[PDB]
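**Q** Quick one: the structure is below, questions incoming.
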Amino acid sequence: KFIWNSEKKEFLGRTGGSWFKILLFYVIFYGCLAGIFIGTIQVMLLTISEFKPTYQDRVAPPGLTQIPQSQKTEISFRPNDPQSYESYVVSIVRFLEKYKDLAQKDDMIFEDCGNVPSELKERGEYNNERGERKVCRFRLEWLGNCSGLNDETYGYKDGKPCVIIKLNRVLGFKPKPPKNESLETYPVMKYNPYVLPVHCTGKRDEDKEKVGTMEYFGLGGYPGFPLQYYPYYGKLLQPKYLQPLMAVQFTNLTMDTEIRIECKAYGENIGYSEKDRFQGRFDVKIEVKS
Amino acid sequence: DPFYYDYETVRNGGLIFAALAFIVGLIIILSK
Amino acid sequence: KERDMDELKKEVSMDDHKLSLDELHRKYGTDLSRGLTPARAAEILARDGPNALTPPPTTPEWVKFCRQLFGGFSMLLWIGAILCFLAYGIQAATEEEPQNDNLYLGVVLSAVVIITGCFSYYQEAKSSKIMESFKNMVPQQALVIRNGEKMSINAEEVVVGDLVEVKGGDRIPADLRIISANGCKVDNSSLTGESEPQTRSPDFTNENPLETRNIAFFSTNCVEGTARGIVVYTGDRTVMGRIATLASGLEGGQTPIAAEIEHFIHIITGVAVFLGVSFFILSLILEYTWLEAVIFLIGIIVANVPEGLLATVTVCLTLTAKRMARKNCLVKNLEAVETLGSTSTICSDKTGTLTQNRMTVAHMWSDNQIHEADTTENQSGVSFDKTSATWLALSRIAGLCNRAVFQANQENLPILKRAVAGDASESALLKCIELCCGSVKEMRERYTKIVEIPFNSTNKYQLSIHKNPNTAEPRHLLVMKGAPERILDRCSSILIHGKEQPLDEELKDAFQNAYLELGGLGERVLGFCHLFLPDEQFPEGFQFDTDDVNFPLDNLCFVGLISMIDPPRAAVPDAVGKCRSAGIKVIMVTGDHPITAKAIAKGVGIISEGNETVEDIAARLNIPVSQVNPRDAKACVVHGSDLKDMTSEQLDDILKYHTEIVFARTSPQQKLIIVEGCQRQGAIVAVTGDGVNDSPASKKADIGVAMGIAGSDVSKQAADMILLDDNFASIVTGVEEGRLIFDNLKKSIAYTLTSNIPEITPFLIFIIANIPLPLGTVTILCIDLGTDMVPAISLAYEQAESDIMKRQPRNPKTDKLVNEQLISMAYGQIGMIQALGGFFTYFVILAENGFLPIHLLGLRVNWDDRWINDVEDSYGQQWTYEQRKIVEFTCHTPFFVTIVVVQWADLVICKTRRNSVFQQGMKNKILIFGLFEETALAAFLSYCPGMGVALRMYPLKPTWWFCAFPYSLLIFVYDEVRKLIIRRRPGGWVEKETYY
Ligand SMILES: C[C@H]1O[C@@H](O[C@H]2[C@@H](O)C[C@H](O[C@H]3[C@@H](O)C[C@H](O[C@H]4CC[C@@]5(C)[C@H](CC[C@@H]6[C@@H]5C[C@@H](O)[C@]5(C)[C@@H](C7=CC(=O)OC7)CC[C@]65O)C4)O[C@@H]3C)O[C@@H]2C)C[C@H](O)[C@@H]1O
Ligand SMILES: *[C@@H]1O[C@H](CO)[C@@H](O[C@@H]2O[C@H](CO)[C@@H](O)[C@H](O)[C@H]2NC(C)=O)[C@H](O)[C@H]1NC(C)=O
Ligand SMILES: CC(C)CCC[C@@H](C)[C@H]1CC[C@H]2[C@@H]3CC=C4C[C@@H](O)CC[C@]4(C)[C@H]3CC[C@]12C
Ligand SMILES: CC(C)CCC[C@@H](C)[C@H]1CC[C@H]2[C@@H]3CC=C4C[C@@H](O)CC[C@]4(C)[C@H]3CC[C@]12C
Ligand SMILES: OC[C@H]1O[C@@](CO)(O[C@H]2O[C@H](CO)[C@@H](O)[C@H](O)[C@H]2O)[C@@H](O)[C@@H]1O
Ligand SMILES: OC[C@H]1O[C@@](CO)(O[C@H]2O[C@H](CO)[C@@H](O)[C@H](O)[C@H]2O)[C@@H](O)[C@@H]1O
Ligand SMILES: *[C@@H]1O[C@H](CO)[C@@H](O)[C@H](O)[C@H]1NC(C)=O
Ligand SMILES: [Mg+2]
Ligand SMILES: [Mg+2]
Ligand SMILES: [Mg+2]
């Protein structure tokens, strides 16, 4: 006493006569609770579509992303040290490892689309009435001087920085480029009908530190995403689906100073959030120090 | 487009509800 | 070495009181007639200290605020906050979110502690204030005699051993040894507990200085007569000063409710550290570094702490205390509101507590028959038959011969509680006649008093003669009152129904046995007689003086007897009846004389009819008192003389083997010893009292109870509860209230404790299965302190599920506030169903937005990564940080809403511990409003504009609201059939395992 009750005649600490009763009760109880839970979760799983998600409204303004996703939006590396840029280089290697020409062999599941940006490819409806959909090919040659096949870079910006921008995948999304009536979109090509444009700037709307020269690699040479790869039909209907990529090389920059870069994708189907810096737009800080 | 939701309407509904529920609660605690 | 001091203070006192006055003055160095010299007086006055008590040693500063800030529970919240701050400090090892999370939490905990502390402090402060309004100290200047001259000086300037004169109405300045007296009755009522005024004389009477007549006492008022004495004791050295200092120096002891809460805390922290440790081990067993594992430990442990329960409990107690105050029952301390409900023994004082401490007419003798008068304060009793002429004659006798008259300002006042200038008996008689027979004003001035004889030093007969108001007989009327035996010696004729008679030994001894019966009843009896005069022999112009025998003092006409006693308060007997009915043992503890004590005891129901004391048995059987076996006696009157020679085992035995007990002639220290003796049995003791003799008792008791008006100041300071209206029946209400608020507390507790399973579990399986965090910190706070508050308070307004005053007092060791079964319900069963409901809503929302539950596993690593902006759902889509995070936070809001939804059912089922909800029912309005306001609040937080910006809470897509519903319904049905089976099978397995 008061407490030493651990064991005596006859109870196991605390009171051990009926322990089987209560343990059995909680096994039954928690078992039934688990069962009920799995039941509710099962009807819930009955109410979700196998093809399209029940709510798309959260991803509505798709985002712009970079290959070498950095610790915080920043590539800082030495042009000399091989181990300096190795992380970025490897990230790129594995990223585009999916895009190689021998990676798409099959004419069964792959389809060769235009060498020039083309109208959107609509395939049936989103049900399974039609078979597994073909996927339009993307050849790494569409990006020159950045991971183009064997020949060069290959230091992958080693001399001067370059980053590929990608558009976020959204099922059913059909990008509408800005009208030919477009308001002050800055230098850009006349391929506005079938391409979704992207452009980069040092600082957003205010005074800039601006130092840069940017060369863009698109499909056929146009700084944007070809509409022919849209809409995306989802992982089930289109596994091994390859989405468009577009390269941006910074040739001319001040080496030992860090500057910032924002890349905006323009369109009506496109939107931007001020709280989400990766929504509709893009941010990267780059310092190449030697 | 599926990418638009009416959040403002649902918002309004919830707020209207909050008002009604609360003032009804107030009717309840005052029984005269 | 104050232990020894208080050890000397718990011992009964001694004195020098028995001395030849020669030896007295020889010792004290004083003249008996002349007192002492002014020089000597001023010499002694500055030698030790002025005559007064040292002001109460307790003068805690408003810094006592800090007291409210700690306790045992606030402590739990303190260490909670400290742990939080420590966790954030450990999270200063990196760039970290808790700027909105852990720091927030700790600060909030601190805020709860501080605020609740402020509230409770303000309440107790308020009670202290309303108590301060009640203190009035009027300086009463003592009358001394120095250098032969009478001088009236401030009582504080009185020294040891100088001559003091006290008069009628004068309060005794310091402790005196009476050298001389004339007709002097001092009132010892508050100090020694003696009911009727005790006469004081030079002569030594009793060995115990408290009962002796040659000592007068500090703080006691002299009722009548005059006396001279030498001062034995001054200031703190006096009797009531020693009593007061003992009272100030005792210990409060831990209140029962506080202990229950302590134990409760032990439970909570028990499961807290079990979960925390076991999951610390578990976390290390997988991956996370000692850093993360520690953060998780602190996280879980703190998570198990009920922040809002402090508020809800404090508010609960405060509400009950509010009602108490409404009934004119004030509680000095906040937690003392419960104690009555836990009390198995009530030690009560007799005079001023159980009784009115006011001499009052009880029974009257008319036509050889006893008629009981109405002895109640409010006149709620039965009036006798006043139609008889004998009563008229008697009433005129009592009314006309007195020194008693109402004072100037008593008109509007009730005839009883109003003040009167005169003797005890004369006051009682005056009030009685003014009550029953009409006014004594025009009645006493109707007959004109010619020559009166005031009470004689010997034989104490008091007579007066008046003229005749009647229109028939112009005879002179003579009236006399006095002790029954002497007036029996002087009377011959007896009156019946308006016509006279001589005395025959049959009805003469009927009168004798009626006098001995009323006298044995505890009452004090007075013979009342009158005689007409032979106006032929004593003409209308004859002036009779007090010299020779003018009137025939013999052959008078004896009318009847009028007896009087201090009656119990009107509400008392019923109250004691209820307390006995509730299973509370009532013990009378008084310093009064045994003969009256036993009578009052039988009157108020402490000693029931038919129950015999050892002495009753001895008397009935005509046997020596020592013979009879004490086991045969259920009731006992324990004499205080014996109580001095008694040991621990002996007192234990007396308390054990006697059901109805009365301790009489007991010193205050012995009251303390009796209380401590009942506490040695391990039982909760409440003490009710009036005077200073109850100061050490009321202090030592688990709960003391004073009388707001009839109670003295010291005992009022010592009490944990005050009765402002002086209604004893309140005690009953008390033990009801405290016994109810217990049950409700459980419910409230249960409710809040149920919420901690669905609150903690999200962060648990967040660590385990590595899913995105289902429930945030802000949301958890919006449940604990946001919503559940109004329901948890509303649970306090729950009513009695059965008759509570029927059931026996709880056992402190067995029955607990928060025990095994409660935890096994809240944590084990209901809270689990709640958690499942929450996670269900979570998966509904996340699955509908494209992340299927099975895919959510291990995702958090990349999910909580700010810089991964391509994140694949089950449909192949790529989410940024803020998007999927917005979904997680719009998964927090519905988890919170779901908590509210299941807390509906939990609130309705926590409403009743036993009864089905269709019995006890929804008649609670505050509960209804609780539900409405709760739901409305949740809906607001969800849908108010900018809440996602502020609290990071987003508008619920409305169908989300229905995900929790079937789980709530399940909770309700389950606990309803549980509270069905418990009703049907009170064996019982469900009752033993669950019912709490
Ligand atoms: C070198 C590599 O280092 C790499 O650093 C890592 C390592 O340091 C590992 C490090 O682990 C985190 C991670 O597990 C996330 C994990 O985050 C969780 C723990 C801390 C929480 C703040 C947070 C939100 C809920 C919150 C807990 C803390 C608790 O105290 C609560 C206040 C508690 C409450 C009490 C109450 O009453 O109400 C609720 C229960 C739940 C709670 O509300 C969740 O907190 C842990 C500390 O995450 C860092 C990123 C980075 C790169 O990879 C780099 O290459
Ligand atoms: C990418 O880099 C190569 C360098 O290897 C460029 O070829 C150089 O092009 C410049 C003109 O811009 C010529 O003056 C040099 O003589 C070329 N050198 C070599 C070794 O080819 C190539 O034109 C660049 N292409 C793009 C699309 O940027
Ligand atoms: C009535 C009881 C005892 C039997 C079982 C019926 C249960 C499993 C039913 C009753 C209410 C139902 C839910 C109501 C809310 C909707 C939200 C919707 O967006 C997906 C399905 C979901 C989540 C339902 C699934 C099944 C549900 C939870
Ligand atoms: C007895 C039971 C059913 C009590 C529960 C009341 C339920 C049915 C109430 C309480 C909260 C309510 C909701 C509050 C928020 C609004 C938002 C509005 O835009 C659509 C409906 C909706 C979602 C309400 C529907 C009804 C609702 C879910
Ligand atoms: O079941 C609780 C619920 O019942 C009400 C009304 O339905 O009262 C019912 O039960 C009472 C028993 O005390 C009786 O008045 C009667 O049986 C019936 O009215 C409400 O008081 C309460 O909300
Ligand atoms: O239960 C049907 C009821 O809910 C509503 C909103 O009032 O549902 C709307 O919001 C839900 C949020 O999950 C959606 O599931 C639903 O598709 C949407 O219409 C109404 O539909 C209906 O009155
Ligand atoms: C590149 O930048 C350098 C200095 O910043 C400048 O001198 C040079 O002319 C630029 N090259 C162009 C404009 O082709
Ligand atoms: Mg106390
Ligand atoms: Mg008393
Ligand atoms: Mg909680």
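Residue numbers start at 1 in each chain; chains themselves are named A, B, ... in the order of the structure tokens; ligands are numbered from 1 in the order shown.
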Could you list, as a list in words, every residue within 9 Å of segment 75-89 of chain A, counting only C-alpha atoms and ignoring same-chain residues fewer than 5 positions away?

**A**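 The residues that qualify are residues 67, 68, 69, 70, 94, 155, 156, 157, 158, 159, 160, 161, 258, 284, 285, 286, 287, 288, 289 and 290 of chain A.
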
**Q** Just need the residues of chain C within 9 Å of chain B, counting only C-alpha atoms, so spit them out as a PyMOL selection string.

**A** chain C and resi 925-926+928-940+942-945+955-958

**Q** Counting only C-alpha atoms, a student should be able to say which residues of chain B come within 8 Å of chain A; what is the right answer, written as number ranges by chain?

**A** B: 2-5

**Q** Filtering to C-alpha atoms, could you give me those residues as a compact mmCIF listing (two decimals), in the first residue's frame?

**A**
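result.txt, written as the output of this step:
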# COMPACT_ATOMS: atom_id res chain seq x y z
CA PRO B 2 -14.74 22.30 -64.32
CA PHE B 3 -12.00 24.50 -62.85
CA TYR B 4 -14.44 27.07 -61.48
CA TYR B 5 -16.30 26.50 -58.21

**Q** As a ChimeraX atom specification, please: the residues near segment 44-47 of chain A (cut-off 8 Å, only C-alpha atoms, same-chain neighbours under 4 positions excluded).

**A** /A:40 /C:844,847

**Q** Would you list, as a ChimeraX atom specification, the residues of segment 519-647 of chain C that end up in alpha helix (DSSP H) under DSSP run on this structure's backbone?

**A** /C:519-520,572-581,594-604,614-620,640-645

**Q** Counting only C-alpha atoms, what is within 8 Å of segment 127-132 of chain C, bar same-chain residues fewer than 2 positions away, as a VMD selection string?

**A** chain C and resid 123 to 125 134 to 135 330 to 332

**Q** Would you give me, as a Markdown table, each residue of chain C having an atom within 8 Å of an atom of chain A, along with its shortest atom pair and that distance in Å to one decimal, using only C-alpha atoms and sorting by chain and residue number?

**A**
| residue | atom | partner | partner_atom | distance |
| --- | --- | --- | --- | --- |
| C:833 | CA | A:33 | CA | 6.9 |
| C:836 | CA | A:37 | CA | 6.5 |
| C:837 | CA | A:37 | CA | 7.8 |
| C:840 | CA | A:41 | CA | 6.7 |
| C:843 | CA | A:41 | CA | 7.7 |
| C:844 | CA | A:44 | CA | 6.5 |
| C:847 | CA | A:48 | CA | 7.6 |
| C:848 | CA | A:54 | CA | 5.3 |
| C:849 | CA | A:55 | CA | 5.0 |
| C:850 | CA | A:53 | CA | 5.3 |
| C:867 | CA | A:72 | CA | 6.4 |
| C:868 | CA | A:69 | CA | 7.2 |
| C:869 | CA | A:65 | CA | 6.8 |
| C:870 | CA | A:168 | CA | 7.0 |
| C:874 | CA | A:235 | CA | 7.6 |
| C:875 | CA | A:235 | CA | 5.4 |
| C:876 | CA | A:235 | CA | 4.8 |
| C:877 | CA | A:169 | CA | 4.9 |
| C:878 | CA | A:169 | CA | 5.3 |
| C:879 | CA | A:59 | CA | 6.9 |
| C:880 | CA | A:278 | CA | 6.8 |
| C:881 | CA | A:276 | CA | 7.8 |
| C:882 | CA | A:276 | CA | 5.7 |
| C:883 | CA | A:58 | CA | 6.5 |
| C:887 | CA | A:58 | CA | 7.7 |

**Q** Can you check which residues of segment 496-674 of chain C DSSP gives as strand (DSSP E) on the backbone and send them as a VMD selection string?

**A** chain C and resid 496 499 to 501 524 to 532 556 to 565 585 to 589 635 to 639 660 to 664

**Q** Counting only C-alpha atoms, what is within 10 Å of residue 448 of chain C, bar same-chain residues fewer than 6 positions away, as a compact mmCIF listing (two decimals) with N, CA and C atoms, in the first residue's frame?

**A**
# COMPACT_ATOMS: atom_id res chain seq x y z
N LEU C 400 -47.58 43.14 33.66
CA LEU C 400 -47.60 44.28 34.57
C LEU C 400 -46.43 44.31 35.55
N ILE C 465 -47.99 46.45 43.35
CA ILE C 465 -49.43 46.63 43.53
C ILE C 465 -49.96 47.80 42.70
N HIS C 466 -51.08 47.55 42.02
CA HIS C 466 -51.66 48.51 41.09
C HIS C 466 -53.13 48.76 41.43
N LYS C 467 -53.71 49.80 40.85
CA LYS C 467 -55.14 50.09 41.03
C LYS C 467 -55.99 49.26 40.07
N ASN C 468 -57.31 49.43 40.13
CA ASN C 468 -58.22 48.61 39.32
C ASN C 468 -58.83 49.33 38.12
N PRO C 469 -58.51 48.84 36.92
CA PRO C 469 -59.07 49.31 35.64
C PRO C 469 -60.52 48.87 35.41
N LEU C 477 -55.19 45.64 43.05
CA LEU C 477 -54.65 44.38 42.56
C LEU C 477 -53.19 44.20 42.95

**Q** Hey, which residues sit close to ligand 10? Say within 8 Å, counting only C-alpha atoms and all ligand atoms, and write them as a PyMOL selection string.

**A** chain C and resi 303-308+752-753+755-756+759-760+780-781+783-784

**Q** For the residues in that selection, give me C-alpha atoms as a compact mmCIF listing (two decimals), in the first residue's frame.

**A**
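selection.txt was written with the following content:
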# COMPACT_ATOMS: atom_id res chain seq x y z
CA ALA C 303 -1.29 17.33 -26.59
CA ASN C 304 -2.72 15.19 -23.82
CA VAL C 305 -3.21 18.30 -21.65
CA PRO C 306 -6.80 19.72 -21.35
CA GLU C 307 -6.32 23.51 -21.69
CA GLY C 308 -10.00 24.47 -21.58
CA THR C 752 -13.56 17.42 -22.76
CA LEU C 753 -11.44 14.34 -22.25
CA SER C 755 -12.02 15.29 -27.46
CA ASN C 756 -8.36 14.45 -26.89
CA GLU C 759 -7.19 15.64 -31.40
CA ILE C 760 -3.98 13.71 -30.66
CA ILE C 780 -7.32 21.93 -32.26
CA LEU C 781 -7.38 25.21 -30.34
CA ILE C 783 -12.08 22.96 -30.58
CA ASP C 784 -10.55 22.97 -27.10

**Q** Return as a PyMOL selection string every polymer residue, whether protein, DNA or RNA, with at least one atom no more than 8 Å from an atom of ligand 2; count only C-alpha atoms and all ligand atoms.

**A** chain A and resi 144-145+152-153+215+217

**Q** Neighbours of ligand 5 within 12 Å, counting only C-alpha atoms and all ligand atoms, as a ChimeraX atom specification?

**A** /C:799-802,908-909,911-912,915-925,927-928

**Q** Which residues sit within 9 Å of ligand 7, counting only C-alpha atoms and all ligand atoms, listed as a ChimeraX atom specification?

**A** /A:211-213,251-254

**Q** Mind dumping the selected residues with N, CA, C and O atoms as a PDB file, in the first residue's frame?

**A**
ATOM      1  N   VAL A 211      20.642  41.994 -65.780  1.00  0.00           N
ATOM      2  CA  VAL A 211      21.739  41.567 -66.625  1.00  0.00           C
ATOM      3  C   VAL A 211      21.323  40.221 -67.181  1.00  0.00           C
ATOM      4  O   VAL A 211      21.154  39.273 -66.419  1.00  0.00           O
ATOM      5  N   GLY A 212      21.121  40.133 -68.490  1.00  0.00           N
ATOM      6  CA  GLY A 212      20.833  38.849 -69.095  1.00  0.00           C
ATOM      7  C   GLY A 212      20.689  38.838 -70.602  1.00  0.00           C
ATOM      8  O   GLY A 212      20.362  39.850 -71.224  1.00  0.00           O
ATOM      9  N   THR A 213      20.937  37.671 -71.184  1.00  0.00           N
ATOM     10  CA  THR A 213      20.586  37.386 -72.567  1.00  0.00           C
ATOM     11  C   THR A 213      20.024  35.972 -72.617  1.00  0.00           C
ATOM     12  O   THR A 213      20.718  35.010 -72.290  1.00  0.00           O
ATOM     13  N   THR A 251      22.806  33.014 -71.525  1.00  0.00           N
ATOM     14  CA  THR A 251      24.163  33.047 -72.046  1.00  0.00           C
ATOM     15  C   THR A 251      24.949  34.130 -71.331  1.00  0.00           C
ATOM     16  O   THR A 251      25.943  33.866 -70.654  1.00  0.00           O
ATOM     17  N   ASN A 252      24.473  35.357 -71.489  1.00  0.00           N
ATOM     18  CA  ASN A 252      25.126  36.528 -70.937  1.00  0.00           C
ATOM     19  C   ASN A 252      24.623  36.883 -69.542  1.00  0.00           C
ATOM     20  O   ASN A 252      23.480  37.295 -69.376  1.00  0.00           O
ATOM     21  N   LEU A 253      25.491  36.739 -68.547  1.00  0.00           N
ATOM     22  CA  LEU A 253      25.160  37.092 -67.170  1.00  0.00           C
ATOM     23  C   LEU A 253      26.403  37.588 -66.443  1.00  0.00           C
ATOM     24  O   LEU A 253      27.527  37.309 -66.861  1.00  0.00           O
ATOM     25  N   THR A 254      26.204  38.325 -65.353  1.00  0.00           N
ATOM     26  CA  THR A 254      27.305  38.690 -64.469  1.00  0.00           C
ATOM     27  C   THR A 254      27.587  37.515 -63.534  1.00  0.00           C
ATOM     28  O   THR A 254      26.713  37.104 -62.773  1.00  0.00           O
TER      29      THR A 254
END

**Q** Show me which residues line ligand 8, defined as having an atom within 10 Å of a ligand atom where only C-alpha atoms and all ligand atoms count, and present them as a ChimeraX atom specification.

**A** /C:250-255,332-333,336,686-687,697-705,717-721

**Q** Any residue with an atom at most 6 Å from ligand 1 counts, using only C-alpha atoms and all ligand atoms. Which are they? Put them as number ranges by chain.

**A** C: 98, 101-102, 292, 298-300, 302-303, 305, 763, 776-777

**Q** Name the closest residue to ligand 9 among the candidates C:582, C:796, C:247, C:664; distances are taken between atoms, counting only C-alpha atoms and all ligand atoms.

**A**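 Smallest distance to ligand 9 is found for C:664.
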
**Q** Applying 10 Å and only C-alpha atoms, which residues near residue 657 of chain C remain after dropping the ones on its own chain fewer than 2 positions away? List them as a ChimeraX atom specification.

**A** /C:630-636,652-655,659-661

**Q** At a cut-off of 8 Å, using only C-alpha atoms, what residues contact residue 480 of chain C? Leave out same-chain residues fewer than 5 positions from it and give the result as a list in words.

**A**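 These residues fall inside the cut-off: residues 397, 401, 461, 462, 463, 464, 528, 529 and 530 of chain C.
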
**Q** Convert the current residue selection to file output with N, CA and C atoms, as a compact mmCIF listing (two decimals), in the first residue's frame.

**A**
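Result file again29.txt:
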# COMPACT_ATOMS: atom_id res chain seq x y z
N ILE C 397 -50.57 39.53 34.75
CA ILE C 397 -49.57 39.42 35.82
C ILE C 397 -48.15 39.55 35.28
N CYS C 401 -46.05 43.16 36.10
CA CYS C 401 -44.87 43.17 36.95
C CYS C 401 -43.64 42.80 36.13
N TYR C 461 -38.23 37.18 45.63
CA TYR C 461 -39.62 37.40 45.26
C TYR C 461 -39.78 38.85 44.80
N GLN C 462 -40.53 39.04 43.72
CA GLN C 462 -40.75 40.38 43.19
C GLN C 462 -42.24 40.69 43.09
N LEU C 463 -42.69 41.66 43.88
CA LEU C 463 -44.10 42.02 43.93
C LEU C 463 -44.33 43.50 43.63
N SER C 464 -45.54 43.80 43.15
CA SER C 464 -45.96 45.17 42.90
C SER C 464 -47.48 45.26 43.05
N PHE C 528 -46.01 32.35 39.16
CA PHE C 528 -46.78 33.59 39.03
C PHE C 528 -48.06 33.56 39.88
N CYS C 529 -48.17 34.55 40.77
CA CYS C 529 -49.31 34.62 41.68
C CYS C 529 -49.86 36.04 41.80
N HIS C 530 -51.14 36.13 42.13
CA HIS C 530 -51.74 37.43 42.41
C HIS C 530 -52.76 37.32 43.54

**Q** Given only C-alpha atoms as the basis, pick out the residue of A:163, A:90, A:135, A:195 nearest to residue 219 of chain A.

**A** A:195
